[PDB]
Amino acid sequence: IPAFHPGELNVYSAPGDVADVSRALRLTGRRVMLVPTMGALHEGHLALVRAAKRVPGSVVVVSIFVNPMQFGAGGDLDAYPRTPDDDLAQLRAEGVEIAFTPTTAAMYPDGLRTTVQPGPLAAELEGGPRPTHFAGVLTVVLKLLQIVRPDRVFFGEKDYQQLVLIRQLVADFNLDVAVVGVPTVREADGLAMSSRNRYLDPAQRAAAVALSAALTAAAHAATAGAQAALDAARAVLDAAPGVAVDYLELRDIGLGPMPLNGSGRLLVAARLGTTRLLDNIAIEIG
């Protein structure tokens, strides 16, 4: 056990350090909350932090780790935004007591050896062109969960497929953690907050409102049925200058091997220049 000062941000890099502190905290009755991130923190991440913080007796651990395993080769890893100074400043301002900032060597001392193989969902949507991406995500989240052993772990609805996959991980491996989904944080015009939004120039930023406009239009059109919802979204995306749609799909809420009934999720991915944006929304049919 190393030093933990309450009411202050404590930064630990060694997995053993945070594990020891987490264990000590949990044994004195504090409930440990985990918020996994890759840093470059914005208000969307802070929504998860605040959700963690309101759990009574909670101590909040925010992990910051840009996980190489979930990146495909081709510059994405090097290009991921890194603003560590701002990140830690934001955590202090939010009254977070623990930041976990491990090294790549500490997380992957043996390279890729034992890993998590996700179910068939990982091959679809985001995983279509990136068939190893979610194995990266599930592997690192499993490790983080084992290191920190939180009572609850927090994920954004922003990455809805990721959230679904984490619930599968938790169910399928009998993990003793509650997964808390947190609603998507949006800019004033509807644009879902993302560390990638910084790559939109003013014109592309203008056009990007089309993703959330399309989804919200769909959600209201859905009283008229699925075809109406999808065609409303398509019309909006089609009206938008320089938006190239990768996919627009309406699925059951579990995204799994079940047909759409009363409750669905509409998911979109689109490119604005080289920037790929995602958004999704709850859809109720009829």
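C-alpha atoms forming the largest set that superposes within 1.5 Å between two forms make up the rigid core. Don't overthink the numbering: it's just position in the shown sequence, from 1.
In summary, of the stretches 39-47 and 250-258, 250-258 shows the greater Cα distance from the shown form in 9 other deposited structures of this protein, with structures fitted on the rigid core.
When the other structures are laid on the shown form by the core, the C-alphas of 14-22 and 260-268 differ in how far they drift in 9 other deposited structures of this protein; the larger average drift belongs to 260-268.
Not even a third of the other compared entries skip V116; each one keeps it along with the residues on either side. Modelled in this chain, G136 is likewise built in all the other compared entries whose models extend past it on both sides, so a third of them omitting it does not occur. Checked against the record, the higher mean CA B factor of 59-67 and 28-36 lies with 28-36. Stretch comparison (95-103 versus 73-81) by mean CA B-factor in the PDB entry places 73-81 on top. Residue-level inspection of the entry shows that, of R186, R149, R130, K143, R130 has the top Cα B-factor. Comparing the listed residues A232, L255, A240, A219, the entry records the largest Cα B-factor for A240. When the modelled residues of the chain are ordered by their C-alpha B factor, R54 lands in the highest third. Among all modelled residues in this chain, the alpha-carbon of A122 has a temperature factor (C-alpha) in the middle third. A89: CA B factor lies in the highest third for its chain, per the PDB record. Per-chain ranking of the deposited C-alpha B factor places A228 in the lowest third. For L278, the recorded CA B-factor ranks within the middle third of the chain. Only modelled residues enter the ranking.
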